[PDB]
């Protein structure tokens, strides 16, 4: 019958449309993996000015969802014995020898517990090897490594950069030549080809100023990925089924499904952040709130790494000045979703769309 497809469209429309109107989102793509099948729902405009509609192939900036790709490359380095999570950071970049990175682990960098590395590089640090070098050489922790989580692009960016160093190639090259092809991703880019630019959505800010992400230090590692809803769902499906990949990449994905500590309801993995499932919408919003991004929190370390599988929701938000993304999946239910928009709209609203969809699929 047509009832299931009609029901799914009705559910996704009912979840998405009021939130798009309420946050004046010009265009939004949803992709859902359900019972081993992909489903796409596209809304609105990729560009208000030329009238290009969103499709499942439209490219959006995914911001910090890029950190899950960065974690997958690090997973590869780790499970190939090129690095270990307890290595000191300076083991992998001689320029950092003699700095405070002699006493900071790769795990600390990956999980934002190095001791107060900030949300962003200061404006004074441009996309320049020497300026990035000099930034880290001069940095000092605010509190003991391993004690407080402070969400940080310089932190996990350095983790990614060191993972690439451990593999002997530039991060950007490894992603394009190895990681994206291993995951089967042909619509996923750090640097969108000229031939694909027609697919790149416009981003919109205050007063609808047009905003696409510019170059910045460790941009590739932290927030560099542009992808389509269809490709990002393929990446979600790889996370749901790492066993469908060749074993070296399966292991790499598995390494991003291990939790190291808790803050409140959230368990921190490499890239991914996990919750018990089910949990209330308000608790999931709290985990994805502004204070979780901007303020330090004392961690509760786990006695050993915890498998992030079964009845858990793994998620990540991502933002750039013009874009807002959210990905969530439930390993034990073989369920995944992607929500990509061309406005940076509040995380709570992203989570509200996802939760309405997940609730509807349950009920």
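Think of the rigid core as the biggest set of C-alphas that the two forms share within 1.5 Å after superposition. Residue numbers count along the first chain shown, from 1.
Displacement analysis by core superposition in 4 other deposited structures of this protein ranks 6 to 14 above the other of 6 to 14 and 349 to 357 in root-mean-square C-alpha distance from the shown form. Per-stretch averaging of Cα B factors for 147 to 155 and 245 to 253 places 245 to 253 on top. Here the stretch with the larger average CA B-factor, out of 77 to 85 and 174 to 182, is 77 to 85.
Going by the entry's values, 91 shows the largest Cα B-factor out of 288, 268, 280, 91. The entry assigns its greatest Cα B factor, within the set 276, 191, 273, 207, to 207.
Among all modelled residues in its chain, residue 102 ranks in the highest third by Cα B-factor. Annotation for residue 231: C-alpha temperature factor in the lowest third relative to the rest of the modelled chain, per the entry. Annotation for residue 298: CA B-factor lies in the middle third of the chain's modelled residues. When the modelled residues of the chain are ordered by their C-alpha B factor, residue 59 lands in the lowest third. For residue 161, the recorded CA temperature factor ranks within the middle third of the chain's modelled residues.
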